[PDB]
$ cat protein.cif   # mmCIF, C-alpha atoms
data_start
loop_
_atom_site.label_atom_id
_atom_site.label_comp_id
_atom_site.auth_asym_id
_atom_site.auth_seq_id
_atom_site.Cartn_x
_atom_site.Cartn_y
_atom_site.Cartn_z
CA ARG Q 2 13.08 15.20 -35.88
CA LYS Q 3 14.95 14.45 -32.64
CA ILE Q 4 14.79 10.74 -31.86
CA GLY Q 5 16.66 8.93 -29.11
CA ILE Q 6 18.01 5.41 -29.46
CA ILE Q 7 18.57 2.86 -26.70
CA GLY Q 8 20.22 -0.43 -27.55
CA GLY Q 9 20.37 -3.64 -25.56
CA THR Q 10 19.26 -7.25 -25.46
CA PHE Q 11 16.34 -6.28 -23.24
CA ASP Q 12 16.54 -9.79 -21.82
CA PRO Q 13 14.73 -8.69 -19.82
CA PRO Q 14 13.66 -5.01 -20.12
CA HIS Q 15 13.68 -3.12 -16.81
CA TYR Q 16 13.12 0.21 -15.02
CA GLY Q 17 16.69 1.19 -15.72
CA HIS Q 18 15.90 1.25 -19.45
CA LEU Q 19 12.72 3.28 -18.95
CA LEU Q 20 14.36 5.75 -16.55
CA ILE Q 21 17.22 6.43 -18.95
CA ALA Q 22 14.83 6.84 -21.87
CA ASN Q 23 12.64 9.24 -19.93
CA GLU Q 24 15.49 11.38 -18.59
CA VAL Q 25 17.06 11.82 -22.01
CA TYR Q 26 13.74 12.38 -23.77
CA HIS Q 27 13.15 15.43 -21.52
CA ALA Q 28 16.68 16.69 -20.93
CA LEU Q 29 17.23 16.90 -24.70
CA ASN Q 30 13.56 17.32 -25.64
CA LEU Q 31 13.23 14.48 -28.14
CA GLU Q 32 9.94 13.67 -29.80
CA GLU Q 33 10.44 9.99 -29.06
CA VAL Q 34 12.95 7.28 -28.12
CA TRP Q 35 13.39 3.98 -29.97
CA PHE Q 36 14.54 0.85 -28.19
CA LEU Q 37 16.86 -1.06 -30.53
CA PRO Q 38 17.04 -4.69 -29.39
CA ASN Q 39 20.40 -6.33 -30.13
CA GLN Q 40 20.57 -10.00 -30.99
CA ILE Q 41 22.22 -12.17 -28.37
CA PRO Q 42 25.88 -12.30 -29.51
CA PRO Q 43 27.08 -15.69 -30.91
CA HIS Q 44 29.34 -16.48 -27.93
CA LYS Q 45 26.39 -16.11 -25.54
CA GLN Q 46 24.07 -18.07 -27.80
CA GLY Q 47 22.99 -21.60 -27.03
CA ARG Q 48 19.80 -23.38 -26.07
CA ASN Q 49 18.06 -22.35 -22.85
CA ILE Q 50 18.43 -18.74 -23.99
CA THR Q 51 15.37 -16.52 -24.49
CA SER Q 52 13.68 -16.58 -27.87
CA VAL Q 53 13.55 -13.27 -29.74
CA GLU Q 54 9.78 -13.71 -29.60
CA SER Q 55 9.78 -13.48 -25.81
CA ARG Q 56 12.19 -10.57 -25.54
CA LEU Q 57 10.12 -8.51 -27.97
CA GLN Q 58 6.97 -9.29 -25.95
CA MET Q 59 8.57 -8.26 -22.65
CA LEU Q 60 9.83 -5.09 -24.33
CA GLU Q 61 6.32 -4.27 -25.61
CA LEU Q 62 4.83 -4.96 -22.16
CA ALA Q 63 7.54 -2.65 -20.80
CA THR Q 64 6.91 0.22 -23.25
CA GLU Q 65 3.16 -0.37 -23.66
CA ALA Q 66 2.04 2.59 -21.51
CA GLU Q 67 4.35 5.06 -23.32
CA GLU Q 68 3.27 6.30 -26.75
CA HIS Q 69 6.56 8.16 -27.29
CA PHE Q 70 8.54 4.94 -26.78
CA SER Q 71 8.79 2.61 -29.77
CA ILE Q 72 10.59 -0.55 -30.77
CA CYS Q 73 12.97 -0.32 -33.73
CA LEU Q 74 13.43 -3.85 -35.09
CA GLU Q 75 15.87 -2.66 -37.77
CA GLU Q 76 18.97 -4.41 -36.37
CA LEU Q 77 17.22 -7.60 -35.29
CA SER Q 78 15.52 -7.82 -38.70
CA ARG Q 79 18.60 -7.49 -40.89
CA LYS Q 80 20.70 -10.60 -41.52
CA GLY Q 81 23.00 -11.12 -38.52
CA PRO Q 82 25.98 -9.34 -36.83
CA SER Q 83 25.70 -5.60 -37.50
CA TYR Q 84 28.29 -3.07 -36.39
CA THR Q 85 26.48 -0.17 -34.73
CA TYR Q 86 27.70 1.94 -37.64
CA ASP Q 87 25.83 -0.18 -40.19
CA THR Q 88 22.55 -0.10 -38.29
CA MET Q 89 22.77 3.66 -37.97
CA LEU Q 90 23.85 3.88 -41.57
CA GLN Q 91 20.68 2.10 -42.63
CA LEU Q 92 18.41 4.11 -40.31
CA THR Q 93 19.74 7.49 -41.39
CA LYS Q 94 18.78 6.55 -44.95
CA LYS Q 95 15.30 5.21 -44.12
CA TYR Q 96 14.71 8.31 -41.98
CA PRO Q 97 16.91 11.09 -43.41
CA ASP Q 98 14.54 13.48 -41.68
CA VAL Q 99 15.60 12.31 -38.19
CA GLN Q 100 18.48 13.43 -35.96
CA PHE Q 101 19.23 10.33 -33.90
CA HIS Q 102 20.72 10.53 -30.41
CA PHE Q 103 22.52 7.32 -29.54
CA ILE Q 104 22.32 6.81 -25.78
CA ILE Q 105 25.06 4.89 -23.94
CA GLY Q 106 26.37 4.53 -20.40
CA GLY Q 107 29.19 6.82 -19.32
CA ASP Q 108 31.22 3.70 -18.59
CA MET Q 109 31.19 3.01 -22.33
CA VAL Q 110 32.34 6.46 -23.53
CA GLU Q 111 35.86 5.29 -22.63
CA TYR Q 112 35.82 2.71 -25.42
CA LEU Q 113 34.17 4.62 -28.27
CA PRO Q 114 37.58 4.75 -30.02
CA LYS Q 115 37.34 0.96 -30.37
CA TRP Q 116 33.88 1.13 -32.01
CA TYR Q 117 33.70 0.17 -35.70
CA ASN Q 118 33.85 3.25 -37.94
CA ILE Q 119 33.35 5.39 -34.85
CA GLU Q 120 34.71 8.40 -36.75
CA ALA Q 121 32.10 8.28 -39.52
CA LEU Q 122 29.45 7.22 -36.99
CA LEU Q 123 29.79 10.55 -35.16
CA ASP Q 124 28.74 12.07 -38.49
CA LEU Q 125 25.55 10.01 -38.56
CA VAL Q 126 24.36 10.32 -34.95
CA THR Q 127 24.74 12.47 -31.84
CA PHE Q 128 26.12 10.45 -28.92
CA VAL Q 129 24.50 10.95 -25.51
CA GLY Q 130 26.39 9.67 -22.50
CA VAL Q 131 24.85 8.97 -19.13
CA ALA Q 132 26.61 10.06 -15.95
CA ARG Q 133 25.80 10.23 -12.26
CA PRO Q 134 24.84 13.69 -11.03
CA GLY Q 135 27.85 15.91 -10.30
CA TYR Q 136 29.85 14.37 -13.13
CA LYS Q 137 30.47 15.10 -16.80
CA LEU Q 138 32.17 12.90 -19.37
CA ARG Q 139 35.53 14.41 -20.32
CA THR Q 140 36.43 12.94 -23.72
CA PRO Q 141 37.97 13.87 -27.12
CA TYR Q 142 34.67 12.99 -28.79
CA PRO Q 143 31.74 15.42 -29.20
CA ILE Q 144 29.41 13.63 -26.79
CA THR Q 145 26.33 14.95 -24.98
CA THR Q 146 26.17 14.29 -21.23
CA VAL Q 147 22.93 13.66 -19.33
CA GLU Q 148 23.01 13.28 -15.56
CA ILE Q 149 20.72 10.58 -14.20
CA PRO Q 150 20.38 9.21 -10.68
CA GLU Q 151 22.16 5.87 -10.63
CA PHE Q 152 20.03 2.69 -10.64
CA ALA Q 153 22.41 -0.30 -10.62
CA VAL Q 154 20.15 -2.78 -12.36
CA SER Q 155 20.77 -4.73 -15.57
CA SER Q 156 19.26 -7.63 -17.51
CA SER Q 157 22.23 -9.77 -16.47
CA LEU Q 158 21.63 -9.05 -12.77
CA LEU Q 159 17.92 -9.84 -13.12
CA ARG Q 160 18.52 -13.18 -14.84
CA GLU Q 161 20.87 -14.15 -12.02
CA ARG Q 162 18.23 -13.18 -9.43
CA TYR Q 163 15.42 -15.11 -11.11
CA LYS Q 164 17.76 -18.10 -11.08
CA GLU Q 165 18.41 -17.75 -7.35
CA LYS Q 166 14.67 -17.24 -6.85
CA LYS Q 167 15.56 -13.83 -5.39
CA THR Q 168 13.07 -10.94 -5.27
CA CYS Q 169 13.06 -8.50 -8.19
CA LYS Q 170 10.32 -6.21 -6.97
CA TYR Q 171 10.64 -2.53 -8.02
CA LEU Q 172 13.43 -3.53 -10.42
CA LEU Q 173 11.25 -3.97 -13.53
CA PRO Q 174 7.61 -3.51 -14.66
CA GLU Q 175 5.11 -5.87 -13.01
CA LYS Q 176 3.83 -6.77 -16.44
CA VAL Q 177 7.25 -8.12 -17.42
CA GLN Q 178 7.53 -9.99 -14.12
CA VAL Q 179 4.18 -11.74 -14.69
CA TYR Q 180 5.27 -12.68 -18.21
CA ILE Q 181 8.53 -14.09 -16.83
CA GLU Q 182 6.80 -16.35 -14.27
CA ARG Q 183 4.02 -17.28 -16.69
CA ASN Q 184 6.53 -18.55 -19.29
CA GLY Q 185 9.05 -19.76 -16.71
CA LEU Q 186 11.98 -17.77 -18.11
CA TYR Q 187 15.49 -17.72 -16.56
CA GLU Q 188 14.37 -20.69 -14.45
CA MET O 1 6.52 -11.18 16.03
CA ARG O 2 10.17 -10.47 16.75
CA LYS O 3 11.89 -9.06 13.68
CA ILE O 4 10.62 -5.64 12.59
CA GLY O 5 12.50 -3.20 10.37
CA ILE O 6 12.33 0.59 10.59
CA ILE O 7 13.05 3.23 7.98
CA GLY O 8 13.17 6.85 9.09
CA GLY O 9 12.93 9.91 6.87
CA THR O 10 10.83 12.93 5.93
CA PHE O 11 8.99 11.00 3.22
CA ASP O 12 8.52 14.41 1.63
CA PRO O 13 7.82 12.76 -0.64
CA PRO O 14 8.20 8.98 -0.24
CA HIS O 15 9.74 7.28 -3.28
CA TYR O 16 10.83 3.91 -4.75
CA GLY O 17 14.19 4.06 -3.01
CA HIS O 18 12.28 3.65 0.25
CA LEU O 19 10.22 0.79 -1.12
CA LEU O 20 13.20 -1.05 -2.68
CA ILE O 21 15.24 -0.81 0.50
CA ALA O 22 12.32 -1.96 2.65
CA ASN O 23 11.67 -4.86 0.30
CA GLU O 24 15.33 -5.90 0.02
CA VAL O 25 16.01 -5.82 3.77
CA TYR O 26 12.68 -7.56 4.36
CA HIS O 27 13.56 -10.66 2.31
CA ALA O 28 17.25 -10.54 3.21
CA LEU O 29 16.77 -10.58 7.00
CA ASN O 30 13.38 -12.29 6.79
CA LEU O 31 11.47 -9.62 8.71
CA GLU O 32 7.88 -9.92 9.91
CA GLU O 33 7.25 -6.44 8.49
CA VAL O 34 8.89 -3.06 7.88
CA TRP O 35 7.66 0.17 9.43
CA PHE O 36 8.19 3.53 7.84
CA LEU O 37 8.79 6.11 10.56
CA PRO O 38 8.00 9.69 9.40
CA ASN O 39 10.24 12.30 11.08
CA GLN O 40 8.68 15.29 12.82
CA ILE O 41 9.15 18.73 11.27
CA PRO O 42 12.18 20.52 12.79
CA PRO O 43 10.99 23.35 15.08
CA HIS O 44 13.38 25.80 13.36
CA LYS O 45 11.53 24.93 10.13
CA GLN O 46 8.02 25.47 11.51
CA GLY O 47 6.57 28.37 9.57
CA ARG O 48 8.59 28.00 6.40
CA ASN O 49 6.89 26.82 3.22
CA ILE O 50 7.35 23.10 3.89
CA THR O 51 4.92 20.26 3.16
CA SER O 52 2.34 19.56 5.84
CA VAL O 53 2.84 16.48 8.01
CA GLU O 54 -0.59 15.23 6.98
CA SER O 55 0.35 15.44 3.30
CA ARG O 56 3.62 13.54 3.86
CA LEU O 57 1.48 11.03 5.73
CA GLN O 58 -1.11 10.58 2.98
CA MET O 59 1.58 10.15 0.33
CA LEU O 60 3.34 7.55 2.50
CA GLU O 61 -0.07 5.91 2.85
CA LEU O 62 -0.53 5.93 -0.92
CA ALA O 63 2.99 4.59 -1.45
CA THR O 64 2.52 1.63 0.94
CA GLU O 65 -1.16 0.60 0.71
CA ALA O 66 -0.57 -2.14 -1.87
CA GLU O 67 1.97 -3.75 0.44
CA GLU O 68 0.83 -6.10 3.19
CA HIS O 69 4.07 -6.17 5.20
CA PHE O 70 4.62 -2.39 5.15
CA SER O 71 3.12 -0.01 7.72
CA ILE O 72 3.47 3.45 9.12
CA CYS O 73 4.61 4.10 12.66
CA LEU O 74 3.48 7.49 13.97
CA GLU O 75 5.55 7.50 17.18
CA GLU O 76 7.60 10.59 16.29
CA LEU O 77 4.62 12.60 15.06
CA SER O 78 2.97 12.27 18.47
CA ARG O 79 5.29 14.81 20.08
CA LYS O 80 5.22 18.42 18.88
CA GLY O 81 8.71 19.35 20.08
CA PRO O 82 12.06 18.22 18.57
CA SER O 83 12.43 14.51 17.81
CA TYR O 84 15.46 12.31 18.75
CA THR O 85 15.94 8.72 17.63
CA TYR O 86 16.97 7.46 21.04
CA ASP O 87 13.72 8.49 22.74
CA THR O 88 11.51 7.20 19.93
CA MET O 89 13.17 3.79 19.96
CA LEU O 90 13.04 3.79 23.76
CA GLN O 91 9.32 4.50 23.55
CA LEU O 92 8.77 1.86 20.84
CA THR O 93 10.85 -0.53 22.97
CA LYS O 94 8.22 -0.22 25.74
CA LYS O 95 5.08 -0.50 23.56
CA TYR O 96 6.51 -3.59 21.89
CA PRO O 97 8.91 -5.24 24.41
CA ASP O 98 8.83 -8.50 22.44
CA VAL O 99 9.90 -6.91 19.15
CA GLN O 100 13.48 -6.90 17.87
CA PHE O 101 13.80 -3.64 15.92
CA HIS O 102 16.18 -3.33 12.97
CA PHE O 103 16.91 0.30 12.24
CA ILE O 104 17.75 0.58 8.56
CA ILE O 105 20.08 3.39 7.52
CA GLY O 106 21.91 4.26 4.32
CA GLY O 107 25.54 3.37 3.73
CA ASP O 108 26.46 7.05 3.69
CA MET O 109 24.79 7.95 7.01
CA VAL O 110 26.80 5.17 8.68
CA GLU O 111 29.68 7.66 9.17
CA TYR O 112 27.50 10.18 11.04
CA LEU O 113 26.23 7.49 13.43
CA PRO O 114 28.73 8.35 16.20
CA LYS O 115 27.27 11.87 16.14
CA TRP O 116 23.74 10.67 16.99
CA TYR O 117 22.36 11.76 20.34
CA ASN O 118 22.81 9.09 23.01
CA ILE O 119 24.08 6.71 20.33
CA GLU O 120 25.81 4.41 22.84
CA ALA O 121 22.49 3.92 24.64
CA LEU O 122 20.54 3.61 21.38
CA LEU O 123 22.86 0.79 20.29
CA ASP O 124 21.44 -1.28 23.13
CA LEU O 125 17.87 -0.72 21.96
CA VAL O 126 18.25 -1.53 18.26
CA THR O 127 20.15 -3.61 15.73
CA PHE O 128 21.30 -1.23 12.98
CA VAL O 129 21.16 -2.25 9.31
CA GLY O 130 23.29 -0.49 6.74
CA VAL O 131 22.43 -0.68 3.07
CA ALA O 132 25.52 -1.22 0.94
CA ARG O 133 26.15 -1.45 -2.77
CA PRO O 134 27.27 -4.97 -3.76
CA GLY O 135 31.01 -5.33 -3.30
CA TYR O 136 31.69 -2.25 -1.21
CA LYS O 137 30.69 -3.00 2.38
CA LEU O 138 30.57 -0.42 5.19
CA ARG O 139 33.36 -0.06 7.75
CA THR O 140 32.50 1.06 11.29
CA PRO O 141 33.53 -0.01 14.82
CA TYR O 142 29.81 -0.25 15.55
CA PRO O 143 28.23 -3.73 15.15
CA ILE O 144 25.82 -3.28 12.25
CA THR O 145 24.29 -5.84 9.90
CA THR O 146 25.00 -5.32 6.21
CA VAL O 147 22.54 -5.80 3.35
CA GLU O 148 23.61 -5.43 -0.26
CA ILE O 149 21.03 -3.67 -2.40
CA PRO O 150 21.33 -2.46 -6.02
CA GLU O 151 22.03 1.28 -5.77
CA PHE O 152 19.17 3.68 -6.59
CA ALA O 153 20.34 7.20 -5.75
CA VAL O 154 16.98 8.86 -5.29
CA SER O 155 16.06 11.06 -2.30
CA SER O 156 13.16 13.28 -1.20
CA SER O 157 15.43 16.33 -1.52
CA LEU O 158 16.16 15.42 -5.11
CA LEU O 159 12.48 14.95 -5.86
CA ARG O 160 11.63 18.26 -4.14
CA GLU O 161 14.28 20.11 -6.16
CA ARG O 162 12.95 18.59 -9.39
CA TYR O 163 9.28 19.43 -8.88
CA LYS O 164 10.14 23.06 -8.07
CA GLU O 165 12.01 23.42 -11.38
CA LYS O 166 9.18 21.47 -13.01
CA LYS O 167 11.51 18.61 -14.01
CA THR O 168 10.28 15.04 -14.65
CA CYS O 169 10.21 12.50 -11.79
CA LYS O 170 8.81 9.52 -13.72
CA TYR O 171 9.88 6.07 -12.41
CA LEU O 172 11.41 7.70 -9.31
CA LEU O 173 8.30 7.41 -7.06
CA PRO O 174 4.80 5.81 -7.22
CA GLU O 175 2.24 7.17 -9.68
CA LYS O 176 -0.39 7.44 -6.92
CA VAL O 177 2.09 9.65 -5.04
CA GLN O 178 2.66 11.76 -8.16
CA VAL O 179 -1.09 12.09 -8.70
CA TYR O 180 -1.45 13.42 -5.14
CA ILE O 181 1.48 15.82 -5.61
CA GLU O 182 -0.18 17.18 -8.76
CA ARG O 183 -3.79 17.45 -7.55
CA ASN O 184 -2.71 19.30 -4.38
CA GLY O 185 0.08 21.42 -5.84
CA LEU O 186 2.83 20.40 -3.45
CA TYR O 187 6.39 21.58 -4.13
CA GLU O 188 5.80 24.84 -5.98
CA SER O 189 7.19 28.38 -5.83
#

$ encode --input "protein.cif" --output "structure tokens"
Amino acid sequence: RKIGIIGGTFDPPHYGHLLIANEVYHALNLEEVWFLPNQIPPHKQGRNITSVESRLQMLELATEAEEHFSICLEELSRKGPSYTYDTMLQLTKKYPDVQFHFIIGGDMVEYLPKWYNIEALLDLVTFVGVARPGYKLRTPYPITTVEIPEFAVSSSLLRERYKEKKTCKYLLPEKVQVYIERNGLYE
Amino acid sequence: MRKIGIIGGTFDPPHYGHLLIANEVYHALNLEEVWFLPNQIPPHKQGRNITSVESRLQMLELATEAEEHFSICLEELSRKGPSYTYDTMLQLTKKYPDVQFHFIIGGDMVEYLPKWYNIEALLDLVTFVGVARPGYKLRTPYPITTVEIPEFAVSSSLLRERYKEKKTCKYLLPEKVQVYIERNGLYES
């Protein structure tokens, strides 16, 4: 019934993603959270980038130990560039029984008005914003706030670190780390 | 064996913030090892319903046993009365006269530093290390080394508050530490 949705390139997946998923899953009492991998946008595309194959494997190794965490390949499967609205439009139909909670960073709530079909989107899913404790998102949109201790880690940051041969311990699952060294990613 | 880091705290309970900081400062300043220094229970708190020192100690043990370069320094838990950082470092200074201690403190706490007992004298015994978020560096007249570490706002107080209210703490501290907290019923009532 109540399913959370976390989008991203998950290149690579990390503890920040798991923490956010877990906090929201409990704070709002969802039955499960789906990680919705986004395809690497055209302007970032090029060789030397991670294959979809690898990202999905890291994501599975990252969500392996959690039965209430799943991977929703719906956006990555469909043709190419999908506005968030379209993806959610297609999911609502395939699962009319589910009330999706789209999870985003509080930093993003400031740009929702620039999101494609944002108006209609709000009719398809319930937005959940993430904010540091002691803060609430004040916005004209009906958005749900969930306070979560800040963990300044991102896929971008991790790729940069693996390039500088810098330590990434405690930043992401050890399974993902092994996989990264084994296949020499971001090297 | 010159460069040794030190991280003080209640470790009630220890959590990933401790581990991340210890790891980051370790590689950053190329330390020989990092010692976690459990604080002694405040005398005005003796008798309340606070976690036993031994429990804090076993959890810290559980949190650091898979790490070669991490260890526990019991200096402060050797004296029953009130504990002051100056005396502890003075004592450690004598037991290990060849070691160059790097006291690691949070970016926030940097402001309270002038209010530390015998701070002037302590500054001669240790090289302070402030953890800062990338970009925003700390500003103090005191000579302290800066180390940028990705923020992870987790504290023992937070974890204590959460367990009492029976709120989730997943990914905020080691599973072996959580197992121990469960099996022994810490943080309840």

$ resolve_selection --input "protein.cif" --expression "the PyMOL selection byres ((chain Q and resi 139-143) around 10)" --output "list in words"
residues 107, 110, 111, 113, 114, 119, 120, 123, 127, 128, 129, 136, 137, 138, 144, 145 and 146 of chain Q

$ resolve_selection --input "protein.cif" --expression "the PyMOL selection byres ((chain Q and resi 95-103) around 6)" --output "PyMOL selection string"
chain Q and resi 2-6+92-94+104+126-129

$ resolve_selection --input "protein.cif" --expression "the PyMOL selection byres ((chain O and resi 60) around 9)" --output "NGL selection string"
:O and (11-15 or 36 or 38 or 55-59 or 61-65 or 72 or 177)

$ closest_atom_pairs --input "protein.cif" --of "chain O" --to "chain Q" --cutoff "7 Å" --atoms "all atoms listed in the file" --output "CSV"
residue,atom,partner,partner_atom,distance
O:20,CA,Q:171,CA,6.1
O:150,CA,Q:153,CA,5.2
O:151,CA,Q:153,CA,5.1
O:152,CA,Q:152,CA,4.3
O:153,CA,Q:150,CA,5.3
O:154,CA,Q:150,CA,6.4
O:171,CA,Q:20,CA,6.1

$ atom_distance --input "protein.cif" --atom1 "CA of residue 66 (chain O)" --atom2 "CA of residue 179 (chain O)"
15.8 Å

$ axis_aligned_box --input "protein.cif" --around "region 156-174 of chain Q" --padding-each-side "3 Å" --output "lines of an AutoDock Vina configuration file"
center_x = 14.9
center_y = -10.3
center_z = -11.4
size_x = 20.6
size_y = 21.6
size_z = 18.2

$ residues_around --input "protein.cif" --residues "residue 132 (chain O)" --least-positions-apart "5" --cutoff "9 Å" --atoms "all atoms listed in the file" --output "PDB file with C-alpha atoms, keeping the file's coordinate frame"
ATOM      1  CA  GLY O 106      21.910   4.260   4.320  1.00  0.00           C
ATOM      2  CA  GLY O 107      25.540   3.370   3.730  1.00  0.00           C
ATOM      3  CA  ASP O 108      26.460   7.050   3.690  1.00  0.00           C
ATOM      4  CA  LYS O 137      30.690  -3.000   2.380  1.00  0.00           C
ATOM      5  CA  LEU O 138      30.570  -0.420   5.190  1.00  0.00           C
ATOM      6  CA  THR O 146      25.000  -5.320   6.210  1.00  0.00           C
ATOM      7  CA  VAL O 147      22.540  -5.800   3.350  1.00  0.00           C
ATOM      8  CA  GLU O 148      23.610  -5.430  -0.260  1.00  0.00           C
ATOM      9  CA  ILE O 149      21.030  -3.670  -2.400  1.00  0.00           C
ATOM     10  CA  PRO O 150      21.330  -2.460  -6.020  1.00  0.00           C
ATOM     11  CA  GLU O 151      22.030   1.280  -5.770  1.00  0.00           C
TER      12      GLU O 151
END

$ atom_distance --input "protein.cif" --atom1 "CA of residue 113 (chain O)" --atom2 "CA of residue 43 (chain O)"
22.1 Å

$ closest_residue --input "protein.cif" --among "O:172, O:181, O:129, O:19" --to "residue 51 (chain O)" --atoms "only C-alpha atoms"
O:181

$ atom_distance --input "protein.cif" --atom1 "CA of residue 44 (chain O)" --atom2 "CA of residue 178 (chain O)"
27.8 Å

$ residues_around --input "protein.cif" --residues "residue 85 (chain Q)" --least-positions-apart "6" --cutoff "9 Å" --atoms "only C-alpha atoms" --output "VMD selection string"
chain Q and resid 76 116 to 119 122

$ closest_residue --input "protein.cif" --among "Q:37, Q:10, Q:54, Q:181" --to "residue 73 (chain Q)" --atoms "all atoms listed in the file"
Q:37

$ closest_residue --input "protein.cif" --among "Q:33, Q:148, Q:108, Q:165" --to "residue 67 (chain Q)" --atoms "all atoms listed in the file"
Q:33

$ closest_residue --input "protein.cif" --among "Q:35, Q:89, Q:41, Q:106" --to "residue 125 (chain Q)" --atoms "only C-alpha atoms"
Q:89

$ closest_residue --input "protein.cif" --among "Q:176, Q:82, Q:61, Q:184" --to "residue 44 (chain Q)" --atoms "only C-alpha atoms"
Q:82

$ closest_residue --input "protein.cif" --among "O:101, O:27, O:10, O:90" --to "residue 166 (chain Q)" --atoms "only C-alpha atoms"
O:27

$ residues_near_point --input "protein.cif" --point "(12.3, 13.5, -7.6)" --cutoff "9 Å" --atoms "all atoms listed in the file" --output "PyMOL selection string"
chain O and resi 13+15+154-163+167-170+172-173

$ residues_near_point --input "protein.cif" --point "(17.1, -4.0, 18.7)" --cutoff "10 Å" --atoms "only C-alpha atoms" --output "list in words"
residues 2, 3, 4, 5, 89, 93, 99, 100, 101, 102, 103, 122, 123, 124, 125, 126, 127 and 128 of chain O

$ residues_around --input "protein.cif" --residues "residue 78 (chain Q)" --least-positions-apart "2" --cutoff "10 Å" --atoms "only C-alpha atoms" --output "PyMOL selection string"
chain Q and resi 38-40+73-76+80-81

$ decode --input "protein.cif" --residues "region 42-54 of chain Q" --atoms "N, CA, C and O atoms" --output "short mmCIF file (atom, residue, chain, number, x, y, z; two decimals), in the first residue's frame"
data_model
loop_
_atom_site.label_atom_id
_atom_site.label_comp_id
_atom_site.auth_asym_id
_atom_site.auth_seq_id
_atom_site.Cartn_x
_atom_site.Cartn_y
_atom_site.Cartn_z
N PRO Q 42 22.39 10.69 -17.50
CA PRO Q 42 21.98 11.72 -18.46
C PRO Q 42 22.95 11.83 -19.62
O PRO Q 42 24.16 11.70 -19.44
N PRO Q 43 22.43 12.08 -20.83
CA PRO Q 43 23.21 12.22 -22.07
C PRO Q 43 24.48 13.06 -21.95
O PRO Q 43 25.55 12.62 -22.39
N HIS Q 44 24.38 14.25 -21.36
CA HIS Q 44 25.55 15.12 -21.22
C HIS Q 44 26.67 14.55 -20.34
O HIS Q 44 27.80 15.03 -20.41
N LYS Q 45 26.36 13.55 -19.53
CA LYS Q 45 27.37 12.94 -18.66
C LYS Q 45 27.86 11.65 -19.31
O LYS Q 45 28.90 11.11 -18.94
N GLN Q 46 27.10 11.18 -20.29
CA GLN Q 46 27.45 9.95 -20.99
C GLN Q 46 28.76 10.05 -21.74
O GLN Q 46 29.23 11.14 -22.04
N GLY Q 47 29.34 8.89 -22.02
CA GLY Q 47 30.60 8.83 -22.73
C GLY Q 47 31.21 7.49 -22.37
O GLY Q 47 30.63 6.75 -21.56
N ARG Q 48 32.35 7.13 -22.95
CA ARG Q 48 32.95 5.87 -22.59
C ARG Q 48 33.52 6.06 -21.19
O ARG Q 48 33.36 7.13 -20.59
N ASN Q 49 34.16 5.03 -20.65
CA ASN Q 49 34.73 5.13 -19.32
C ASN Q 49 33.67 5.29 -18.23
O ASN Q 49 34.01 5.35 -17.05
N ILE Q 50 32.39 5.39 -18.61
CA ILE Q 50 31.35 5.48 -17.59
C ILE Q 50 30.93 4.05 -17.22
O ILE Q 50 31.19 3.11 -17.97
N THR Q 51 30.29 3.90 -16.07
CA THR Q 51 29.86 2.60 -15.60
C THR Q 51 28.70 2.02 -16.38
O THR Q 51 27.73 2.71 -16.68
N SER Q 52 28.81 0.74 -16.72
CA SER Q 52 27.75 0.07 -17.45
C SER Q 52 26.55 -0.05 -16.52
O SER Q 52 26.71 -0.05 -15.29
N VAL Q 53 25.36 -0.12 -17.10
CA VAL Q 53 24.14 -0.27 -16.31
C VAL Q 53 24.24 -1.59 -15.54
O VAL Q 53 23.82 -1.69 -14.39
N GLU Q 54 24.84 -2.58 -16.19
CA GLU Q 54 25.05 -3.90 -15.62
C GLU Q 54 25.72 -3.82 -14.25
O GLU Q 54 25.28 -4.46 -13.30
#
